[PDB]
Number of protein chains: 2
Amino acid sequence: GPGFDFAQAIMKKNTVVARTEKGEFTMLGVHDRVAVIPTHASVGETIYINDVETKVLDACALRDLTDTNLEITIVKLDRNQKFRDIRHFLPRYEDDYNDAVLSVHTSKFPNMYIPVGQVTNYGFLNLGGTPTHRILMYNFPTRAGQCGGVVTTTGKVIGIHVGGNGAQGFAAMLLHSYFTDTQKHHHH
Amino acid sequence: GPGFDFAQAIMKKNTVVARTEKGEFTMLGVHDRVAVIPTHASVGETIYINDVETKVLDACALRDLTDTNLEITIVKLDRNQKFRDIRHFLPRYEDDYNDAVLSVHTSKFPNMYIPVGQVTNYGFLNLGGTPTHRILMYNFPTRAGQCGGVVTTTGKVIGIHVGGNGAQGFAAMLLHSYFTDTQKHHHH
Ligand SMILES: *[C@@H](CC(=O)OCC)[C@H](C[C@@H]1CCNC1=O)NC(=O)[C@H](Cc1ccccc1)NC(=O)[C@H](CC(=O)OC(C)(C)C)NC(=O)OCc1ccccc1
Ligand SMILES: *[C@@H](CC(=O)OCC)[C@H](C[C@@H]1CCNC1=O)NC(=O)[C@H](Cc1ccccc1)NC(=O)[C@H](CC(=O)OC(C)(C)C)NC(=O)OCc1ccccc1
């Protein structure tokens, strides 16, 4: 069966509702005060988190070595609570998955769980006119309002929802190495 | 935890998308070719079931002995498939419940599961100007598009969703005796 309990434990401890100029997004918190949001949410220097205006201390829009959009933005937030560290639930590598759940946490839908079925490593996607890499595809008619939703199987947090064409949904991958403690680059 | 597996087994074998002049509703099939739908769906003599136009052979709008709306309409349908008989999962009596799931099956949401928490036997509700009895209440901001959605706990199918005020959701009760094989009244 689909891993509803796992999905629910992630939603309960590791999501917040985030709101930018582009609207509301489910927001997965990963560790400390670091979270993710689709790049097309256009995060600026402040964001609403559960309706509380919040400084965005850092925002990194991920791109691969071909200089292509990965559609993940990692944000660091000025808030008091630390997120439970869920980095050990992130996959090490690209992969296909079975029987995944897509979980949403917005004002309209404070917790909703959608079994999306099989998830395939899809690769290239033209996302609203933006070439994008490292996409996961599921055959489910996902909708507006579901962006940022968390895609899990039991024991793994695998992506966040970023797109769909009416029949399929698409998630940007999460990989363990996006979040490993590291060294010193000038990045802005 | 919430009974997601049970909810999913009911959705998979016993729901269809129903469409009337009022729009789409999740439709719970109970036994044979008998199903339910909120009364305010205004069922006529034909209905779409999974987009196939279908004769409604019978429609009974339930009312209690005070001649008050219960908001359940029982329909008998001209179709080939019989529903799995789920009458043994219907509660015998009015009751309060813990940790319920609300499940939806429409074109926009082909399967979505929402933990709504505690469900209380609420009684009287003024439903869009219509006095209504035998209502169940949960504290969840349910929305348009969720009418007809199935409210379960493990082992029990307890109601179908019919209303909400922005903060609470309301379901009409299902009771085992609504569907017991019976005798002879002229009812139209
Ligand atoms: C989530 C964000 C949102 O609601 O927009 C606020 C600005 C949303 C979710 C998908 C929309 C439809 N169903 C979904 O699952 N994502 C998008 O809208 C996304 C851009 C975006 C904006 C903000 C944050 C993240 C992402 N754009 C798309 O998904 C497009 C929509 C689209 O073009 O759909 C139609 C084809 C018009 C129906 N999807 C897309 O480009 O898919 C690839 C494609 C495009 C054209 C033909 C075939 C396939
Ligand atoms: C499902 C049906 C639908 O979408 O309408 C198609 C005609 C819908 C679900 C609720 C609407 C808002 N959230 C919900 O969970 N039910 C209704 O719209 C229902 C009438 C109906 C129509 C068709 C089939 C079944 C039922 N009406 C209500 O739920 C009303 C809506 C309402 O008045 O909401 C506001 C107060 C305007 C926000 N709800 C209601 O009457 O609640 C009691 C109440 C009323 C006024 C003040 C406080 C409490």
# chains A, B, ... in the order shown; residues from 1 in each chain; ligands from 1
call {"tool": "residues_around", "arguments": {"residues": "residue 117 (chain A)", "least_positions_apart": "5", "cutoff": "7 Å", "atoms": "only C-alpha atoms", "output": "count of residues only"}}
result
4
call {"tool": "interface_residues", "arguments": {"of": "chain B", "to": "chain A", "cutoff": "8 Å", "atoms": "only C-alpha atoms", "output": "list in words"}}
result
residues 1, 4, 5, 108, 109, 111, 112, 113, 114, 115, 141 and 143 of chain B
call {"tool": "atom_distance", "arguments": {"atom1": "CA of residue 77 (chain B)", "atom2": "CA of residue 33 (chain B)"}}
result
5.4 Å
call {"tool": "closest_residue", "arguments": {"among": "A:9, A:127, A:104, A:136", "to": "ligand 1", "atoms": "only C-alpha atoms and all ligand atoms"}}
result
A:127
call {"tool": "residues_around", "arguments": {"residues": "region 78-95 of chain A", "least_positions_apart": "3", "cutoff": "6 Å", "atoms": "only C-alpha atoms", "output": "PyMOL selection string"}}
result
chain A and resi 29-33+55+121+155-157+175-176
call {"tool": "write_last_selection", "arguments": {"atoms": "C-alpha atoms", "output": "tab-separated table (two decimals), in the first residue's frame"}}
result
chain	number	residue	atom	x	y	z
A	29	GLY	CA	11.48	22.17	5.88
A	30	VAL	CA	14.61	20.02	5.64
A	31	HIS	CA	16.88	20.81	8.60
A	32	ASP	CA	17.63	23.77	10.95
A	33	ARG	CA	16.01	26.78	9.23
A	55	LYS	CA	13.16	37.35	6.45
A	121	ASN	CA	12.76	9.52	-13.45
A	155	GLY	CA	11.15	6.08	4.26
A	156	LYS	CA	11.92	8.50	1.41
A	157	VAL	CA	11.26	12.13	0.60
A	175	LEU	CA	18.83	14.57	-3.44
A	176	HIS	CA	20.76	14.15	-0.27
call {"tool": "residues_around", "arguments": {"residues": "region 170-172 of chain B", "least_positions_apart": "3", "cutoff": "7 Å", "atoms": "only C-alpha atoms", "output": "count of residues only"}}
result
14
call {"tool": "select_by_dssp", "arguments": {"residues": "chain A", "states": "strand (DSSP E or B)", "output": "MDAnalysis selection string"}}
result
chainID A and resid 15:20 23:32 34:38 46:49 52:63 69:77 83 97:104 112:127 130:138 150:153 156:164 169:173
